[PDB]
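Both ligands and their constituent atoms are indexed starting at 1 by order of listing. For reference, positions follow the sequence shown, starting with 1.
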Amino acid sequence: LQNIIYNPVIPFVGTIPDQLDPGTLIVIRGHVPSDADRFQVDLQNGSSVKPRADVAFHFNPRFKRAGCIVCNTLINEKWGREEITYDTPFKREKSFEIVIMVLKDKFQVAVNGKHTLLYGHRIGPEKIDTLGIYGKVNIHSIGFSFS
Ligand SMILES: CO[C@@H]1O[C@H](CO)[C@H](O)[C@H](O[C@H](C)C(=O)O)[C@H]1O
């Protein structure tokens, strides 16, 4: 793991230090606080707030009832079609490890050592330069492994 960031302040917005070529890993460790409604990891084209930066990959756990993960893409401030994963491995009051692997045609996401979902590229991964983490979550560390 390279360019490791420890105990960032949330919301975190930071520049990904190298290109997201296939085989690249983003490793995020943290825990979900007890009153958590949702949080999100956003892979962004830039960090502009107005107009809001495009989000190539929105990864968004929600914690109401059984919960879900919602994945989507924001282009010119418009959300596309949602892809919802109902079998969530996140729970309130539990620690997690998210590993996002970038492949040629999609992201693959594993949580706590177990494959969770695939998400097909809607924007070219070469446009992504910014990692954003927002909402009710505590991040212990963020690390990269570049191919
Ligand atoms: C129809 O709810 C929207 O769903 C979106 C996901 O497609 C996204 O999760 C939005 O969350 C917040 C408001 C955001 O990051 O803009 C939410 O309001």
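Not close to ligand 1: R81, with no non-hydrogen atom less than 4.0 angstrom away. In this structure, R62 counts as a contact residue of ligand 1, since one of its heavy atoms falls inside 4.0 Å of the ligand.
Near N60, with a cut-off below 4.0 Å to any heavy atom, the atoms of ligand 1 are 9 (O). Close approach of ligand 1 to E82 is summarised as follows: ligand atoms under 4.0 Å from at least one heavy atom of the residue are 4 (O), 5 (C), 6 (C), 7 (O).
Neither the backbone nor the side chain of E77 comes within 4.0 Å of ligand 1, counting heavy atoms alone.
The shortest side-chain heavy-atom distance between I133 and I142 falls under the 4.5 Å cut-off. When side chains are defined from C-beta on, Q2 does not count as touching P17, because their heavy atoms never get closer than 4.5 Å.
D42 places no side-chain N or O within 3.5 Å of a backbone atom of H58 that could act as its donor or acceptor partner. With hydrogens and angles ignored, the 3.5 Å screen pairs no side-chain donor or acceptor of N138 with any backbone N or O of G30.
Checked against the 6.0 Å centroid criterion, the rings of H121 and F107 qualify as a close aromatic pair.
At a cut-off of 3.5 Å, with distance as the only test, no side-chain donor of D21 or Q19 sits close to an acceptor on the other residue.
Taking atom 14 (C) of ligand 1 as the reference point, the nearest protein heavy-atom neighbour is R52 NH1, 3.7 Å.
Residues passing the side chain to side chain donor-acceptor pair (under 3.5 Å) test with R92, sequence neighbours excluded: none.
Looking at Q40, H58, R38 and measuring to atom 11 (O) of ligand 1, the nearest heavy atom belongs to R38.
There is no protein heavy atom closer than 4.0 angstrom to atom 18 (O) of ligand 1. For atom 1 (C) of ligand 1, no protein heavy-atom neighbour is found at a distance under 4.0 Å.
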